[PDB]
Amino acid sequence: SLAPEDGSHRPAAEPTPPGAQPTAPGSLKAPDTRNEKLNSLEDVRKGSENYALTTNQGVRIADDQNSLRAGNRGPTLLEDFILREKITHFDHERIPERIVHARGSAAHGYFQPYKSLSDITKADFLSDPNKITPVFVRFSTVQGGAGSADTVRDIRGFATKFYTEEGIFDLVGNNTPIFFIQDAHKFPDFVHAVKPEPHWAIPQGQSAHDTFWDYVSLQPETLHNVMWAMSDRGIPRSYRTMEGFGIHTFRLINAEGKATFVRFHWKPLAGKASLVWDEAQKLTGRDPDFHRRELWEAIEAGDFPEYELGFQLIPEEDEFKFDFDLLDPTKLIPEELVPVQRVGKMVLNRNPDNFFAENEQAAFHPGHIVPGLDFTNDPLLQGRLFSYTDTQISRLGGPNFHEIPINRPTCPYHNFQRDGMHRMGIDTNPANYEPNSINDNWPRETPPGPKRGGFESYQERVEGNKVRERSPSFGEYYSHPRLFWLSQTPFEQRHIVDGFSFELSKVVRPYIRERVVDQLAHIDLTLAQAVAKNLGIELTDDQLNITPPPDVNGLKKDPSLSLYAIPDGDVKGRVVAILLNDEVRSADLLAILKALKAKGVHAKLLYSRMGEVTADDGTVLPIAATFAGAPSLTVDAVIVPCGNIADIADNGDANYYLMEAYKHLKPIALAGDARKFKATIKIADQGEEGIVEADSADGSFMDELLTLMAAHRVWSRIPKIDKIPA
Amino acid sequence: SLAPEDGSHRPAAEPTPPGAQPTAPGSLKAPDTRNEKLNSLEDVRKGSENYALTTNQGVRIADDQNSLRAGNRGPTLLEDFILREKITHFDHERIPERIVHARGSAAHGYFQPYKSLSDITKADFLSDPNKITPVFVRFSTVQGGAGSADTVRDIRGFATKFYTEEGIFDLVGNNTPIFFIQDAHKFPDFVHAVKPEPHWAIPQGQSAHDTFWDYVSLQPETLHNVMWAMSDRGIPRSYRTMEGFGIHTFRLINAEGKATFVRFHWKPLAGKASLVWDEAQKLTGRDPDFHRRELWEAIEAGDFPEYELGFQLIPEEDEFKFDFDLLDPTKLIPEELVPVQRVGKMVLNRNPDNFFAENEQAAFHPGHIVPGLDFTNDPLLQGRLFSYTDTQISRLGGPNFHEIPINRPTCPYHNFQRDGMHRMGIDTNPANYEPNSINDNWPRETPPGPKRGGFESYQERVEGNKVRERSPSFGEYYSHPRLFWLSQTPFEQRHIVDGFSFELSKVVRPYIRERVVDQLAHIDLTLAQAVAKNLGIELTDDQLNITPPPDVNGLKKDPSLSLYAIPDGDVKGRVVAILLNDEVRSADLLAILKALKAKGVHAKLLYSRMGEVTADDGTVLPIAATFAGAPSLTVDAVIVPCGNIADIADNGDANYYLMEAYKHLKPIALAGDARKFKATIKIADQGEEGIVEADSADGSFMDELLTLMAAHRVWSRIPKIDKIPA
Amino acid sequence: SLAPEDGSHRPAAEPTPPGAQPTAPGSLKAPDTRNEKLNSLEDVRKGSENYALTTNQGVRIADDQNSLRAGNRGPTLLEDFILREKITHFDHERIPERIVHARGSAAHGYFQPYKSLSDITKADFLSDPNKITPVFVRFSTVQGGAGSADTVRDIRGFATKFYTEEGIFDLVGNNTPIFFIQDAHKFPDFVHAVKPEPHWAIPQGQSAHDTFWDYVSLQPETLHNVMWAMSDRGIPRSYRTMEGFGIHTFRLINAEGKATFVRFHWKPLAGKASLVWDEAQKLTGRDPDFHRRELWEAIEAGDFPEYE
Amino acid sequence: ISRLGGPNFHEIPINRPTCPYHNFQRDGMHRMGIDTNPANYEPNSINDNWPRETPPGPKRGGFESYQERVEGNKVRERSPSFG
Ligand code: HDD
Ligand code: HDD
Ligand code: HDD
């Protein structure tokens with residue numbers, strides 16, 4: 001027995017806060033958390049405890065430490081079938097990664113509608129508020145490989161597999177409401193431009209290079225989603241604190257055949273929250289797995305990610321009532337014109353057991369719809385429908401990818417398809433064709449109907465010639481980028497300017513920078529001027545005379561486009577660094593932990609070494625990490641209790657902890673003699689907004705700190721941080 | 001609903017004779033035939049009756065007759081996901097065929113030992129006479145593709161997968177006791193030589209071409225298995241009427257660690273029986289699926305193929321007591337020297353449900369042994385051990401081929417292997433490595449022991465230098481071919497001569513023919529002279545002075561090497577053609593069917609058209625096939641009952657039916673006026689051996705016929721038919 | 001060394017009648033028969049005479065008769081990279097066969113127009129009678145596997161790859177002027193019905209079984225091509241003596257933008273000729289390679305297959 | 001075989017030898033080399049046994065393993081000297 005006698009190798013199978021215990025496969029951490037999909041996977045789940053180690057053929061292995069050789073210092077023998085089986089499997093472990101969205105993190109959960117939607121769709125999973133649908137959700141970046149970092153600047157994917165009683169419905173969306181391009185024919189062009197450049201395969205996980213901004217400067221249709229990527233939307237704090245969008249206009253079809261246009265939305269119950277660029281970039285180095293880890297640990301703690309599904313609904317007769325084309329995926333539908341109507345709630349409440357088998361092998365595809373839904377002529381969606389089926393033939397090894405366990409429907413499936421690589425289902429049907437008499441034509445077609453009916457496309461009218469031709473209605477590129485820009489707060493606008501500025505400074509060919517700035521001048525001249533000055537570029541008289549695009553149906557601002565104009569952050573599930581010393585004032589720590597617990601805010605106790613320190617009252621404090629091992633990047637706020645402050649007052653890592661937190665706009669609280677640290681962050685004796693201070697951590701101290709946390713970051717501090725060397 | 005009103009489209013779930021009803025998947029035909037392996041496949045079996053037709057994602061299909069198009073005479077739309085899924089799966093149905101043995105037919109069954117063998121092997125499946133082991137068996141040819149013909153002249157494969165309680169054991173044998181080559185390094189050379197030639201990919205299923213006999217003439221080690229292939233061994237009547245052999249010397253290991261050398265044997269309880277060449281070749285045209293069909297119908301009839309497993313056992317100390325090397329796979333062990341000791345019986349009693357899923361994807365490999373068995377230094381076996389693992393990576397699409405349902409062990413299997421294409425098992429082990437503490441080192445190694453122990457190789461001595469060198473003890477090539485030749489009956493010797501002569505006549509380069517005849521002169525000069533005469537080659541004086549090779553340990557013959565020298569026929573499961581007329585004597589037919597039923601012999605009612613005829617007593621007789629639809633090639637004997645013989649007496653197909661049956665040495669029985677057909681085959685008034693005749697089909701009539709059938713063929717007829725125009 | 005002294009191992013590099021000499025790879029039988037496509041393949045052609053036997057990495061092999069073992073009667077060693085490379089390549093020789101038309105025989109040649117067709121099409125390979133276009137043609141059956149027999153009753157495929165100056169044009173036709181079904185959505189149903197039945201994978205190369213005629217009886221659109229299949233059209237004497245059809249109506253587009261509907265035809269210069277059924281069936285047994293052999297030997301004899 | 005899609009990975013340009021290579025190996029996925037050898041096996045007479053084995057020698061010779069001594073029993077055992 002190699003496990004420690006005290007059983008400390010095994011995490012408790014109950015919810016525990018981040019860092020308290022080692023993480024674990026979901027079936028071991030939360031065995032009582034069940035749903036119909038999780039239950040259906042039991043046939044393929046493999047145990048381990050009390051089993052003998054065997055080959056894949058079931059032969060018990062006596063010595064898993066040695067190859068078979070002629071003498072114990074001799075050559076290895078070809079007849080060692082145990083060695084060759086073990087190494088052969090190792091040698092073939094890897095499969096192709098996803099062409100895009102290769103980096104991602106996934107969890108199990110369930111969805112429930114608030115009310116029956118039978119009046120607008122016959123989709124069974126939306127038919128009854130008591131009907132629970134299991135889901136599997138994968139969040140992702142777009143550009144980088146499966147081994148790339150989480151907190152990059154990028155669009156994020158938000159893919160949901162609904163295992164409904166009438167088939168699998170995949171809602172395959174992103175965290176912004178539009179995409180970069182209009183027609184799917186250009187997807188390889190755009191993706192090649194953003195991906196690592198082909199001669200040297202640089203840069204990973206970044207749009208900050210020549211070919212991306214070359215394409216952008218020549219394809220102004222990209223400018224709307226570029227604006228979103230350059231905002232703090234491109235660097236979310238957590239998959240739990242971003243929105244999701246289906247982007248395309250789809251259709252809802254009801255039992256009477258009536259079609260309603262719909263765009264899909266996910267709204268996070270934890271609110272919207274993002275990092276700042278310097279923090280996000282440094283965090284890809286200090287913890288490239290930050291979002292994967294934060295998602296997994298939130299679920300292990302009971303901080304289940306929750307999202308509200310919502311519909312923007314447009315009747316068929318309103319198709320042409322907007323300044324933009326509903327079928328153009330570079331255009332958003334402003335919520336001020338078409339509100340998001342709440343539909344239901346999705347809870348993610350259990351992690352996978354095996355990342356590769358469940359996450360890496362999962363296959364989502366927006367062509368997977370169910371009766372009650374349909375497509376539109378959106379020309380980006382139209383080409384998507386080809387790609388997601390085609391790409392699985394190489395990525396997952398052939399056409400039986402629906403038999404990979406995570407991908408299997410939980411409802412029945414029967415047809416006349418046969419064979420293919422790794423075929424699992426053994427069909428007993430005498431017939432493999434229809435029409436047939438020898439099996440009385442089973443399985444049989446089903447007419448469409450109000451429930452449990454066959455799928456039939458909505459019979460929309462098609463008229464025109466066969467043409468490769470962009471719709472003229474799509475030929476407008478600046479008004480929605482302007483609407484987004486003018487919907488942001490002044491500090492969000494600064495971060496957008498600084499996003500463009502940072503990225504264009506990495507473009508080696510200066511004329512590309514100049515051409516992008518010219519595009520910006522067609523959107524908004526305050527933005528263009530601010531970027532140009534960071535690039536040493538002077539706008540011309542003609543550029544300063546470019547007429548701005550008009551409002552979007554009278555809108556200059558839509559409040560739903562800003563992350564922060566109306567703060568909506570829940571503090572539950574956030575985390576606070578507590579900087580210890582070797583004789584902490586226990587009365588301070590008591591008040592701190594009392595208040596954090598009451599708000600569901602987690603804490604990590606940090607010090608200059610691991611092990612334990614003893615407080616002034618004799619309490620033994622276990623150390624979660626060192627100052628350098630868990631940097632301020634990984635937390636939302638910092639608190640310094642009183643005690644033997646001299647122990648850490650001269651510690652360079654402790655002082656830098658506060659300076660980095662200060663620079664990144666995080667709330668900081670200093671008790672007692674810890675107020676001496678104000679000098680390090682250049683805070684005057686009188687204090688300033690965003691720095692909590694008092695003689696001791698009391699009731700009022702922690703209310704002030706948690707109020708700051710509710711507002712996410714201290715935006716008023718921005719004018720001071722450029723003088724801070726951090 | 002498209003089935004006939006009378007519900008007659010479905011075969012009965014009961015044993016029925018060949019051709020009576022449509023064949024069916026094994027689960028429908030015999031649902032009460034069960035074993036542990038068949039039962040374990042129920043997780044992946046799919047039904048069909050009373051289910052809706054769906055996509056692979058579970059969406060019900062309304063119209064499986066049409067593509068989605070813009071207008072009913074317009075272009076097909078990319079958004080038709082139902083069409084594209086269906087065509088995508090069709091487009092990727094095929095997987096690589098096996099490099100060799102691509103043509104094969106398989107069935108389920110079970111094995112049982114007669115008595116515990118624990119005195120000589122600790123293998124669990126041989127430890128207890130009440131231990132039932134499920135098997136899956138695949139028979140095959142070698143050279144031809146998966147769509148080539150069954151009754152070619154070739155070696156046959158005989159592979160048995162044992163699903164034992166201590167792991168999968170694959171016994172991967174052929175139907176002759178030796179192979180063509182000594183060292184696995186030459187296998188691609190030999191296989192390329194026998195396969196279709198690389199410029200034009202001709203000929204399929206035939207060794208009768210230049211490159212095969214080129215290789216043979218230059219590699220005399222091949223001559224022994226060539227002898228077997230040129231005998232009637234190369235054209236079996238049925239997979240049920242041939243022997244099986246493991247070929248290699250293996251080892252049995254008992255609980256005290258003693259090693260016994262062993263060669264494995266399968267003896268057919270239906271006896272040994274082969275076709276003749278003209279019949280076998282024409283049958284590849286009239287029914288290329290004859291062996292596959294015959295096996296399937298025998299099982300549906302309850303004529304379960306049975307085979308006795310036997311062991312040739314040689315003590316370790318007798319390794320060098322023979323004239324030949326025990327580890328040389330071109331040498332057989334004469335049963336006159338080492339008898340085959342009976343071990344157990346295998347019964348094949350159920351067909352698969354889906355050929356592709358169960359047959360095409362099954363993976364056998366002789367490196368799949370279990371504790372109680374081990375290898376030897378046989379250099380052909382040694383290289384086999386590398387091949388069977390390697391080849392599955394492309395054939396079955398990755399390293400998880402053991403998770404394909406037919407390949408799965410029924411015993412537990414757990415290890416630290418992970419991922420790979422189409423990974424099915426979802427591991428919950430916190431550890432994917434050992435030694436580990438975090439899962440207390442589970443799954444754990446098992447020390448070797450008398451039962452349920454871990455695998456450990458027999459610690460045989462290895463001594464010598466690293467050399468690419470053939471053992472000198474392998475360098476004798478003619479003694480065993482000569483022993484085989486001398487052990488055959490005179491008519492079997494004639495058929496060997498005719499095999500060589502026919503094949504070498506299809507060799508275009510005459511010098512190759514001459515070099516092969518020269519090799520034959522080193523085996524036996526009678527054989528060489530007879531083949532040379534058929535090729536217009538005259539032996540030289542030097543060739544006529546070649547000394548014959550020595551006897552094999554004093555043996556002048558070994559009758560176990562002949563198909564027919566020692567009678568072992570068994571008529572159960574054979575088939576007789578009954579040639580009908582439009583008013584058959586019901587008394588003849590009554591006595592015929594009665595007598596066949598008492599011996600388990602089946603009958604096929606044939607006529608000049610399909611439909612029905614009525615006997616003289618009003619019995620309506622359904623017709624199974626026409627004379628040309630089911631030629632005499634497909635049956636073991638022919639009976640012509642009395643009645644309105646004028647109806648068929650001038651029918652050309654009926655007359656040729658008897659001429660073909662006569663040429664191929666099959667018993668024929670003629671009742672009453674059917675004796676007019678004696679004129680067609682030139683039988684004398686007084687009769688001849690092999691022709692049954694009487695005033696009526698009485699009981700003595702049928703006893704003579706069934707006695708002939710038990711002798712398989714009428715060998716005394718050969719000189720008569722050597723001049724038959726048929 | 002191993003060749004006979006009289007040189008009779010090697011066929012003459014000039015036309016010879018069927019059976020007179022061993023058949024050979026085309027570059028060795030007819031080294032002076034060229035076209036632009038055949039020449040463009042010289043970069044990947046590999047010789048053999050006077051070269052050393054090597055691994056795929058270029059290492060010369062001294063002993064290609066034996067595995068490396070510990071003693072000449074010992075176990076084979078894992079370090080034998082020459083053995084493992086040779087067996088690995090053999091172990092992975094096969095690729096998936098075509099879903100349909102898996103059985104097929106092919107040759108090189110060229111195409112030339114009789115006159116300019118600029119009035120009705122701007123296709124460059126039809127622009128004038130001096131446009132020489134290399135082709136590669138594959139004839140096939142439909143139902144059987146790659147190792148099935150040639151002279152089955154079946155439809156035949158007739159596929160031509162034109163290597164034109166403005167891109168590849170594949171004319172993928174059959175030897176009858178229609179197909180069995182109207183809408184591609186039904187293709188897996190029809191093909192599954194004619195193919196070997198899924199429980200036992202019987203019969204090979206034959207429509208003569210229940211599921212095919214079940215489908216036919218329930219889908220009368222199939223009856224026209226069934227009539228052709230049941231006629232002697234279904235058992236051609238040679239790929240040289242059958243017609244070819246593109247089946248579909250396509251379009252020709254000229255330089256002025258005018259569209260003309262077109263159906264494509266191949267007419268055999270050797271005339272139309274078919275077997276009779278008893279002969280065709282027995283011949284699948286006596287020589288399952290008859291059509292492949294006959295095509296190859298015709299070309300080696302100089303009886304070049306020609307089609308208008 | 002999985003990473004590069006089959007046994008012809010030596011035909012991918014960067015992997016190709018710059019020296020000659022000839023043997024009797026055939027087919028495999030994405031096979032680039034078109035072999036004109038009448039034979040795909042050795043020993044053969046129909047191509048006078050080309051390409052031919054080469055004896056080991058001081059230069060341009062065939063590969064032959066060093067004939068080091070092997071002595072022991074077939075064991076799965078670590079050498080004590082490694083401990
Ligand atoms: C025609 C090509 C094409 C186009 C225009 C798009 N995509 Fe895509 N997308 C793919 C082709 C593709 C793909 C290549 O099929 C991927 C990569 C591998 C895969 O399974 O699907 C994929 C992956 C993928 C994933 C990851 C799913 C997962 O976690 O496995 C998400 C979330 C999206 N896409 C979302 C979008 C959105 C919101 C788009 C614009 C509205 C979009 N894609 C346009
Ligand atoms: C080193 C190469 C090699 C050598 C020397 C042999 N084989 Fe083999 N054999 C294979 C390499 C191989 C293979 C390439 O691994 C096959 C083809 C596909 C497969 O899965 O295994 C195979 C298939 C195969 C099958 C078909 C199994 C099935 O039904 O799927 C049988 C019955 C045999 N072999 C029997 C033998 C016998 C009796 C041999 C001589 C004693 C022999 N093989 C030598
Ligand atoms: C939608 C599916 C589908 C349909 C409706 C058809 N085919 Fe097809 N055909 C294929 C799908 C296919 C294929 C599966 O794509 C094949 C098999 C392997 C391949 O490369 O193409 C093929 C092979 C194939 C070949 C063999 C080409 C070769 O030698 O490699 C020929 C000659 C044809 N087809 C001809 C036809 C004709 C004349 C059709 C009716 C007008 C037809 N096919 C309908």
# chains A, B, ... in the order shown; residues from 1 in each chain; ligands from 1
>>> residues_near_ligand(ligand="ligand 2", cutoff="8 Å", atoms="only C-alpha atoms and all ligand atoms", output="ChimeraX atom specification")
/B:97-102,104,137-140,142,156-159,172-175,178-181,183-188,245-248,329,360,362-365,380-381,383-392,395 /C:87,90-91
>>> write_last_selection(atoms="C-alpha atoms", output="CSV table (one decimal), in the first residue's frame")
chain,number,residue,atom,x,y,z
B,97,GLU,CA,-9.5,-5.3,-45.8
B,98,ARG,CA,-7.1,-7.8,-44.1
B,99,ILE,CA,-3.7,-7.9,-45.8
B,100,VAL,CA,-4.1,-11.7,-46.0
B,101,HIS,CA,-7.2,-13.9,-45.2
B,102,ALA,CA,-9.4,-11.0,-46.3
B,104,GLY,CA,-13.7,-15.2,-44.5
B,137,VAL,CA,-14.4,-18.6,-35.0
B,138,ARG,CA,-13.5,-17.2,-38.5
B,139,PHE,CA,-12.6,-19.5,-41.4
B,140,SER,CA,-10.9,-18.0,-44.4
B,142,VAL,CA,-5.5,-16.6,-47.8
B,156,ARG,CA,-7.6,-22.1,-45.5
B,157,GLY,CA,-7.4,-20.1,-42.2
B,158,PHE,CA,-9.0,-21.4,-39.0
B,159,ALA,CA,-9.0,-18.8,-36.2
B,172,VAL,CA,-4.8,-18.6,-35.2
B,173,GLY,CA,-4.3,-21.7,-37.4
B,174,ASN,CA,-4.6,-23.0,-40.9
B,175,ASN,CA,-6.0,-26.2,-42.4
B,178,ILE,CA,3.0,-26.5,-41.9
B,179,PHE,CA,3.5,-23.1,-43.5
B,180,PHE,CA,5.3,-22.2,-46.7
B,181,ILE,CA,8.3,-20.3,-45.2
B,183,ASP,CA,11.3,-17.0,-41.2
B,184,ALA,CA,8.8,-14.2,-40.8
B,185,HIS,CA,11.2,-11.8,-42.6
B,186,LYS,CA,10.3,-13.4,-45.9
B,187,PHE,CA,6.5,-13.2,-45.4
B,188,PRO,CA,6.0,-10.1,-47.6
B,245,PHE,CA,-3.5,-26.8,-37.1
B,246,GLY,CA,-1.7,-24.2,-35.0
B,247,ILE,CA,1.4,-25.2,-37.1
B,248,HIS,CA,3.9,-23.8,-34.5
B,329,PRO,CA,7.3,-24.5,-39.3
B,360,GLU,CA,-15.2,-8.0,-40.7
B,362,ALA,CA,-13.0,-9.1,-35.5
B,363,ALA,CA,-9.3,-9.1,-34.7
B,364,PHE,CA,-7.4,-12.3,-34.0
B,365,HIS,CA,-3.7,-12.5,-33.0
B,380,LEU,CA,8.0,-17.6,-38.1
B,381,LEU,CA,5.9,-17.4,-34.9
B,383,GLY,CA,7.7,-12.4,-36.3
B,384,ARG,CA,4.0,-13.0,-36.4
B,385,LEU,CA,3.9,-11.6,-32.8
B,386,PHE,CA,4.8,-8.2,-34.2
B,387,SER,CA,2.4,-8.2,-37.1
B,388,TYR,CA,-1.0,-8.8,-35.7
B,389,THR,CA,-0.9,-5.9,-33.3
B,390,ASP,CA,0.6,-3.5,-35.8
B,391,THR,CA,-1.8,-4.2,-38.7
B,392,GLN,CA,-4.9,-3.3,-36.7
B,395,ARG,CA,-7.3,-1.8,-40.5
C,87,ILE,CA,6.6,-5.9,-42.0
C,90,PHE,CA,3.3,-4.9,-45.6
C,91,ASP,CA,0.9,-4.6,-42.5
>>> interface_residues(of="chain C", to="chain D", cutoff="9 Å", atoms="only C-alpha atoms", output="MDAnalysis selection string")
chainID C and resid 1:4 9:10 24:28 41:64 68 70:71 80 85:86 88:95
>>> residues_near_ligand(ligand="ligand 3", cutoff="6 Å", atoms="only C-alpha atoms and all ligand atoms", output="VMD selection string")
(chain B and resid 91) or (chain C and resid 98 to 101 138 to 139 157 to 159 172 to 174 179 184 187 247)
>>> closest_atom_pairs(of="chain C", to="chain A", cutoff="6 Å", atoms="only C-alpha atoms", output="tab-separated table")
residue	atom	partner	partner_atom	distance
C:76	CA	A:78	CA	5.6
C:77	CA	A:77	CA	4.8
C:78	CA	A:78	CA	4.7
C:189	CA	A:433	CA	4.4
C:192	CA	A:433	CA	5.9
>>> atom_distance(atom1="atom CA of residue 151 of chain C", atom2="atom CA of residue 286 of chain B")
12.1 Å
>>> interface_residues(of="chain B", to="chain D", cutoff="8 Å", atoms="only C-alpha atoms", output="PyMOL selection string")
chain B and resi 188-190+192-193+198-199+211+214-215+218-219+393-394+398+457-467
>>> interface_residues(of="chain B", to="chain A", cutoff="6 Å", atoms="only C-alpha atoms", output="number ranges by chain")
B: 1-3, 9, 44-49, 51-54, 57-62, 89, 92-94, 166-168, 353, 399, 409, 412-415, 419-420, 425-429, 437-438, 440, 442-447, 454-455
>>> closest_residue(among="A:194, A:379, A:312, A:226", to="ligand 1", atoms="only C-alpha atoms and all ligand atoms")
A:379
>>> residues_around(residues="segment 632-637 of chain A", least_positions_apart="4", cutoff="6 Å", atoms="only C-alpha atoms", output="number ranges by chain")
A: 575-576, 657, 661, 666-668
>>> select_by_dssp(residues="segment 16-256 of chain C", states="alpha helix (DSSP H)", output="MDAnalysis selection string")
chainID C and resid 26:29 36:40 81:91 187:194 210:218 223:230
>>> closest_residue(among="A:372, A:305, A:145, A:554", to="ligand 1", atoms="only C-alpha atoms and all ligand atoms")
A:145
